[PDB]
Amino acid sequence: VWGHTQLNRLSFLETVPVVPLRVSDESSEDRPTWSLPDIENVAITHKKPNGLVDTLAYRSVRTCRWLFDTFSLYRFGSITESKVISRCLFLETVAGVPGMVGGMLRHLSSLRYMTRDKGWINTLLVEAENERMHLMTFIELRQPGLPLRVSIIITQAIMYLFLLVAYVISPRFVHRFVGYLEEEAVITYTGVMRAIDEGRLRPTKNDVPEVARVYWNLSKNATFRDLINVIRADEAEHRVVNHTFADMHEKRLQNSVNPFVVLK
C-alpha cells in the first residue's frame, strides 16, 4: 500500500518505533540461491595473467596474502575456529569495498556521460552487499577486540583510497585484483572445509545465525560447514564475474552488456 496519500505525507519518523527489526530487511531481496550438494564441487582455479597490469594485480594479491598469513600467524600451530572466524572477520571488511567503488564509479560515469550501463552497476552493488553479509554473519559468531576494531578502521581508510584511485586509473587492474582475491578466498574457505571433513577443525558454531539462515535460504539443520560452503560459492562467483569484467576491459568491451544479466 504505497500511494499518493503516503507520498504526500511529510515524514514517517513517527512510525519507526512500531516497525520490527527483521533479519530479512538487512539485505535486498536479491539473495544467492545455492544447492549445497552442487556447490560442494566448487573448485580451486587460477587465471593466467595477460600482461603487465595482470601480473601487477596478481603479485600485489600474493604479496598481500603472504604478509597477512605471516603477521596474523595463520600458518603456524593448528587451524582453529577462533583463527578462522577471526581471519574472515577482518578480510570480509575489506572484501566489500571493491564492488561498491566499482558500481559507484560506473554510476557516476553513466550519469555524467548520459550513457547506458547495461546491467553492470547492479552486479557490483549486489556483490558489495554479498560481501557485507559475509561480515554480518561472522560478527554473529565472534565479536572482535579493540585492537582488531582499530585495525579495521585504518585498513578501510587505506583500501578505499587505494581502490578508488586504482579504479579511476585502471578498472581492469581492479577487477583483476579482485578476481585474484577471490581465488585466494576460495582456497581459504576450501581449506576450512577440508580441515572440517578431516576432523582437524571441530567446529562449534553450529547454530547458523538467523541473518545467514534467511540470506542463504538455509535450513535450521544447516551447520557451520554448510555456511562456509555457501560463502565459498559466493566467492567463486565473484571470482568469475571479476575476471570476466577485467577481460572485457582488456578487450575494450567495458561499454558492452553485462553478460551475467541474462545468464540468470
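Sequential numbering from 1, following the sequence displayed. If you superpose the two forms and keep the largest set of C-alpha atoms that fall within 1.5 Å, you have the rigid core.
Asker: Following superposition on the rigid core, is the mean squared CA displacement, expressed as RMS, greater for 70-78 or for 170-178 in 7 other deposited structures of this protein?
Answerer: Stretch with the higher C-alpha RMS distance in 7 other deposited structures of this protein: 70-78.
Asker: Taking the recorded C-alpha temperature factors, which stretch has the higher mean, 27-35 or 195-203?
Answerer: Higher mean C-alpha B-factor in the PDB entry: 195-203.
Asker: Could you check the entry and say whether 15-23 or 242-250 has the higher mean CA B-factor?
Answerer: Stretch with the greater average CA B-factor: 15-23.
Asker: Hey, out of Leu105, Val94, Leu73, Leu135, whose CA B-factor is highest in the deposited coordinates?
Answerer: Among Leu105, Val94, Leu73, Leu135, the highest C-alpha B-factor in the entry belongs to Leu73.
Asker: For the listed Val230, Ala222, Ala236, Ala212, which has the peak Cα B-factor recorded in the PDB entry?
Answerer: The listed residue with the largest C-alpha B-factor is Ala222.
Asker: What third of its chain's C-alpha B-factors does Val126 belong to: lowest, middle or highest?
Answerer: Its C-alpha B-factor belongs to the lowest third of this chain's values.
Asker: Divide the modelled residues of the chain into thirds by Cα B-factor and specify which third, lowest, middle or highest, holds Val174.
Answerer: Its C-alpha B-factor belongs to the lowest third of this chain's values.
Asker: What third of the chain, by the recorded C-alpha B-factor, contains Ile153?
Answerer: Middle third, going by the recorded CA B-factors of the chain.
Asker: Taking the C-alpha B-factors as the PDB entry records them, is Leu141 in the lowest, middle or highest third of its chain?
Answerer: CA B-factor rank for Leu141: middle third.
Asker: Quick check on the deposited entry: does the C-alpha B-factor of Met159 sit in the lowest, middle or highest third of its chain?
Answerer: For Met159, whose C-alpha B-factor we compare with every modelled residue in the chain, the answer is the highest third.
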